[PDB]
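Undergrad:
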Amino acid sequence: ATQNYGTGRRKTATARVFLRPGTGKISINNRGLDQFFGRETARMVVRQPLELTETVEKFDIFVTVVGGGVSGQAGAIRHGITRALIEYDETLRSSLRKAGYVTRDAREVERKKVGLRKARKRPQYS
Amino acid sequence: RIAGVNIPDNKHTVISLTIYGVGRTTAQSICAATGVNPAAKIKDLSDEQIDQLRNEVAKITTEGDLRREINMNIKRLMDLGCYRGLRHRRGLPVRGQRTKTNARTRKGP
Amino acid sequence: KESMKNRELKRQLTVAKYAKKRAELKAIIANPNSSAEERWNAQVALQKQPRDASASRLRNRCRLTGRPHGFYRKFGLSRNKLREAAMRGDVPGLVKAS
Amino acid sequence: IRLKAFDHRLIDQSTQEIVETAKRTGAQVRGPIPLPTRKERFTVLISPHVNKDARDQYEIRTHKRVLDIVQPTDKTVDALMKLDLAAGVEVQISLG
Amino acid sequence: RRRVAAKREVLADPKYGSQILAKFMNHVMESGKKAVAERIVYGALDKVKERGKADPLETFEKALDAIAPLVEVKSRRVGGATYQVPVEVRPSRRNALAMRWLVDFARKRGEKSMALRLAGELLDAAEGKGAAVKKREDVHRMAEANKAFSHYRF
Amino acid sequence: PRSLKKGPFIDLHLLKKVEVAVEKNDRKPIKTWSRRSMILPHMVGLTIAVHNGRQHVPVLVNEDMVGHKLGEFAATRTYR
RNA sequence: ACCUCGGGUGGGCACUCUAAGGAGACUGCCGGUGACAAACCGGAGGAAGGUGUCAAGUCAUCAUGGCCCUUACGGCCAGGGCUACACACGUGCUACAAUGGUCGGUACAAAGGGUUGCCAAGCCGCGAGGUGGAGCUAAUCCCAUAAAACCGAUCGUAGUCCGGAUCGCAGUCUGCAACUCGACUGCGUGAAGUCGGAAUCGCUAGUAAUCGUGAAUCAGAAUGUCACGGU
């Protein structure tokens, strides 16, 4: 069927999309997007691929992804919009290079260095 | 007399008591069950709900009565040859703080 | 020094020399079941009964060198061993990873 | 079955002698349940002069495995308790 | 000496529909909280026009008229007096001084509504009678004694 | 800390020339071999000298003392 | 299915719970420059593509000298006398009183070492979780409570109702060792924080940048470089 497995990841996650076709319905983390979130702007940043792939009338999206911070896996809703849909078809394949929202940025907080203050935040010298 | 010292207006009623030093979490039940409303000032309401908020002045310690024993116990430490008056004769921290030199707000001039 | 490394090392058998009166006198003090006349009976305990019965003057060191700093809970050895032990292979499981 | 073993290389070679030698005797033993790397960072000094800018990294690993026997009668857990070590493996056993 | 960096502007605003305004949460983010920033990123743009009569993208765009300079203030040596460099420059220079200094006068007003004390200056550029417009006309007539130094001794 | 979880002071070996010396008159100073050693709250007005190794100090004790160490008659660091 | 919709539990091996170890990331390729050549400029795919040095700190943590204490630093229960404030400062979180002056509240941290240890909901509480003890070998838990959000109150812009430096006295916890000095911040009091200018610590990309450490030779106040600064 359309009973698939996609995964968005920010801060070492393992996600669950219970995806099916429909008409533009969004939900996240056993909640709605108007239910867990609100008092932010990061909800409809994901609108930017969503309205340009014209899937606002075709799919039902429920990407549970947990962990991180307040607006940290608000950076994971960035990723998991088209992963479990390009495993269906190949229409929007080359039409998503303009956005560029899949690469898990490895410029996060890596290994801990002594002598410095943080990863590569340098201390006071003379 | 009204809160001991003459009081500037245009500020809060519980904080008119919570005037530098013993209060709010002990007066948490005083201003809430006497009926005296925190929501308005000491004057603009009825002028009658201060009468028990003025009696607390002369029961334990007063602005005049804190000056009474401000020299008795210090006289107990200066000429008895002791160490609470060895760093009072000098002027250091007494209760074992950051000890000798380069201390922020304990020595003064 | 010679009269130092063999006079505080003997605290293994002198601090717990008694070792049976030292536990029969130090638990029911933490119990409030003692009566108001009985503040004194539990205080004939350990001091004039010669006073190597407390443990406020012992320190943890290395064995072959005797360095007190660099001592951890996972060894009986110190900071000048770890560079020269597991490369000759004196320590198990100490392997470099990330 | 629970052990108390060292690392990656002395339990992944110690459980190979367990499950196949317990399946030979007509019994049913389940497969290996994983356990990742025991993350703990260690910091010591290495400089001959006393120096605060010099620390480093170390680790000791600790890896154990969850197993269980469905019909408990196995001599693989008691007689092959002396086989499943080589130099310093200490095989704990559980009758599960 | 080679320029190795690649200019990557990322502009996609969730509700506001701007063109050049979207990613600006950098000095509105005062190393703190985003939920504190929610009435002042766009909620202050929903607070500019509430006493006015337009759309808040009307007044924002026209900051590239009279608080944007004409010449540049970088210092250069020949063998003598250190000459600055007046020239007609591409918009990335002069309009860089038309957005970030317009908000930089926000502490000497100190009024009610934290949301209003950031964006209570943007509507003053309709005639251009605010705070950043005074220094832009200072630039042009402190460039008379320099304007011939572009090829000769520059 | 240092509250009155420890109410009394029943110390037996710091005692046997103190509590017995009530019936005997006060003509000699009770010398002490520690910087720690204390005595009863019902004997108030004895003399204890600060014990460290070179010379002794004037020690004056009145009726109203309840709190802490003997470290005030001679100081901790006596300003050499 | 059920649930108190916290999952008692079979089933969760596929629409998974933090992977031991792994094809791993390109001079790979076409084209214009250059002697065609090192490179340097540009395009792939695809919500991933070009990275042997500076007469100086230790004859003292293993070492090693010219003289020494030689009824002795082979004796040790040691009869206390190392901060007059009289300065420059290596200066290096914290604010500029207005986002305005005082709390017990939010979708909410939560596991390991744990056979002389870590020390429940506490009965104690405004805030003290000594007798208690769910956890005694921890997909368990003791600090187990918490996240800078909504519109937070009266009043709407202050060297002061942020202000307490000697006068907490004194309150059944190591337990033979708290006789003019300690956590327990309850805020009645006793201040010096007003665009950083003389000139200089020093910021070209994950950066200039304000949420904390749990555990011993088996007794828990190891602070400028703190297991995650969600910007």
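Chains as they are written, first to last, in PDB author numbering: chain i, 3 to 128; chain m, 3 to 20, 22 to 112; chain n, 3 to 100; chain j, 8 to 103; chain g, 3 to 156; chain s, 2 to 81.
Ideal Cβ positions, reconstructed from N, Cα and C, are used throughout, including at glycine.
(1) Determine the direct distance from the alpha carbon of n/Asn62 to that of n/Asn35, and round the result to whole angstroms.
(2) Residue ranges of each alpha helix (DSSP H) run of no fewer than 4 residues wholly in the segment 13 to 75 of chain n, ordered along the chain?
(3) Look at the alpha carbon of residue 1 of chain s and the alpha carbon of s/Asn53, and state the distance between them as a whole number of angstroms.
(4) Here's the rule: buried if 16 or more other CB atoms are within 10 angstroms of the residue's CB, otherwise exposed. What is n/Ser80?
(5) State buried or exposed for s/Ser35, treating a residue as buried only when at least 16 other CB atoms are found within 10 Å of its CB.
(6) Name, in chain order, the residues that DSSP records as bridge partners for j/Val73.
(7) In whole angstroms, what separates the C-alpha of n/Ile30 from that of s/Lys6?
(8) Since i/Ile83 and i/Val48 are thought to touch, with beta carbons under 8 Å apart, how far apart are those beta carbons, to the nearest angstrom?
(9) Relative to the C-alpha of residue 172 of chain g, which candidate in g/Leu99, g/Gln86 and g/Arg3 has its C-alpha closest?
(10) To the nearest angstrom, how far is the alpha carbon of n/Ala55 from that of j/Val98?
(11) Starting from s/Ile49 and walking both ways along the beta strand (DSSP E), at which residues does that stretch end?
(12) When the cut-off is 9 Å and only beta carbons count, does i/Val72 lie next to chain g?
(13) Just mark residue 177 of chain g as buried or exposed, buried being the case when its beta carbon has 16 or more other beta carbons within 10 Å.
(14) Take m/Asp47 as the anchor and find which of m/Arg109, m/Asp11, m/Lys62 and m/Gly111 has the nearest alpha-carbon.
(15) Put i/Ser29 into one of helix, strand or coil per three-state DSSP.
(16) Evaluate g/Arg78 with the Cβ neighbour count: other Cβ atoms within 10 Å of its Cβ, from every protein chain shown; 16 or more gives buried, anything less gives exposed.
(17) By how many angstroms is the C-alpha of n/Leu11 removed from the C-alpha of n/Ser5?
(18) Output, in sequence order along the chain, the residues in the segment 41 to 65 of chain j whose CB is closer than 9 Å to any CB in chain i.
(19) Which residues bound the beta strand (DSSP E) around i/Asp62?
(20) If you count every other CB in all the chains shown that lies within 10 Å of the CB of i/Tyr7, and 16 or more means buried, which is it?
(21) Taking only beta-carbon atoms, is g/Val30 less than 9 Å away from chain i?
(22) j/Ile18 CB to nearest chain n CB: under 9 Å?
(23) Name the residue from i/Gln126, i/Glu56 and i/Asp107 whose alpha carbon lies nearest to the alpha carbon of i/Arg80.
(24) If you measure between the beta carbons of j/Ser21 and j/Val73, is that distance less than 9 Å?
(25) Do i/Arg11 and i/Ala78 have their C-beta atoms within less than 9 Å of each other?
(26) Quick check on residue 114 of chain m: does DSSP put it in helix, strand or coil?
(27) Measuring only the C-alpha atoms, how far is m/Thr29 from s/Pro2?
(28) Using a C-beta cutoff of 9 Å, does residue 101 of chain n count as contacting chain j?
(29) Using a beta-carbon distance below 9 Å, is g/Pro16 in contact with chain i?
(30) Within a Cβ cutoff of 7 Å, which residues of the same chain sit near g/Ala145, ignoring the five residues on either side of it in sequence?
(31) Using a Cβ-Cβ cut-off of 9 Å, state whether i/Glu56 counts as contacting chain g.
(32) Is there a Cβ from chain s that is less than 9 Å from the Cβ of m/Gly84?
(33) Consider the Cβ of g/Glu113: report whether some Cβ of chain i lies at a distance smaller than 9 Å.
(34) Quick check on the burial criterion: 16 or more other C-beta atoms within 10 angstroms. Buried or exposed for g/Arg138?
(35) Just to confirm, is the Cβ distance from i/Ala15 to i/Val72 under 9 Å?
(36) Pull out every residue of the segment 29 to 62 of chain i whose Cβ sits closer than 8 Å to any Cβ of chain g, in chain order.
TA: Inspection of the coordinates gives the following:
(1) C-alpha of n/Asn35 to C-alpha of n/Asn62: approximately 36 Å in a straight line.
(2) For the segment 13 to 75 of chain n, not a single whole alpha helix (DSSP H) run of length 4 or above is found.
(3) The question about residue 1 of chain s has no answer here: the residues shown for chain s are numbered 2 through 81.
(4) Counting every other CB atom within 10 Å of its CB across the protein chains shown gives n/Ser80 a total of 16 or more, marking it as buried.
(5) The Cβ neighbour count for s/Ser35, taken over all protein chains shown within 10 Å, is under 16; the residue is labelled exposed.
(6) According to DSSP, j/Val73 bridges with j/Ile40.
(7) As the crow flies, the alpha-carbon of n/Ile30 is around 15 Å from that of s/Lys6.
(8) With a contact defined as Cβ atoms closer than 8 Å, i/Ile83 and i/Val48 qualify at about 6 Å.
(9) Because residue 172 of chain g is not part of the residues shown, which for chain g are 3 to 156, the question remains open.
(10) Spanning the two alpha carbons is a distance of roughly 41 Å.
(11) Where s/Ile49 is concerned, there is no enclosing beta strand (DSSP E), given that its DSSP letter is neither H nor E.
(12) True, the Cβ-Cβ gap to chain g drops below 9 Å.
(13) This structure cannot speak to residue 177 of chain g, because chain g is shown only from 3 to 156.
(14) When each option's Cα is compared against that of m/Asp47, the closest is m/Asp11.
(15) For i/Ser29, the secondary structure class from DSSP, reduced to helix, strand or coil, is strand.
(16) g/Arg78 comes out exposed.
(17) Rounded to the nearest whole angstrom, the CA to CA distance from n/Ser5 to n/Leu11 is 11 Å.
(18) Residues passing the 9 Å Cβ filter: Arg48, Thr50, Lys59, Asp60, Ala61, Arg62, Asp63 and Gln64.
(19) Element bounds for i/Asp62: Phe61 to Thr66.
(20) Exposed: under 16 other Cβ atoms inside 10 Å.
(21) Interface annotation, g/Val30: not in contact with chain i, CB-CB separation never under 9 Å.
(22) Cβ-Cβ to chain n under 9 Å: no for j/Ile18.
(23) With distances taken between Cα atoms, i/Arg80 lies closest to i/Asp107.
(24) No, the Cβ-Cβ distance between j/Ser21 and j/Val73 is not below 9 Å.
(25) In contact: i/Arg11 and i/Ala78 (Cβ atoms closer than 9 Å).
(26) The question about residue 114 of chain m has no answer here: the residues shown for chain m are numbered 3 through 112.
(27) C-alpha separation (whole angstroms): 23 Å.
(28) For residue 101 of chain n there is no data in the structure shown, the boundaries of chain n being 3 and 100.
(29) g/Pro16 counts as touching chain i.
(30) Only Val73 and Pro88 meet the Cβ criterion.
(31) No, no contact with chain g.
(32) It does: the Cβ of m/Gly84 has a partner Cβ on chain s nearer than 9 Å.
(33) For g/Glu113, the closest Cβ of chain i is not nearer than 9 Å.
(34) With 16 or more other Cβ atoms within 10 Å, it is buried.
(35) No, the Cβ-Cβ distance between i/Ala15 and i/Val72 is not below 9 Å.
(36) Per Cβ criterion, the list reads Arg41, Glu42, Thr43, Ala44, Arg45, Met46, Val47, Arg49 and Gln50.
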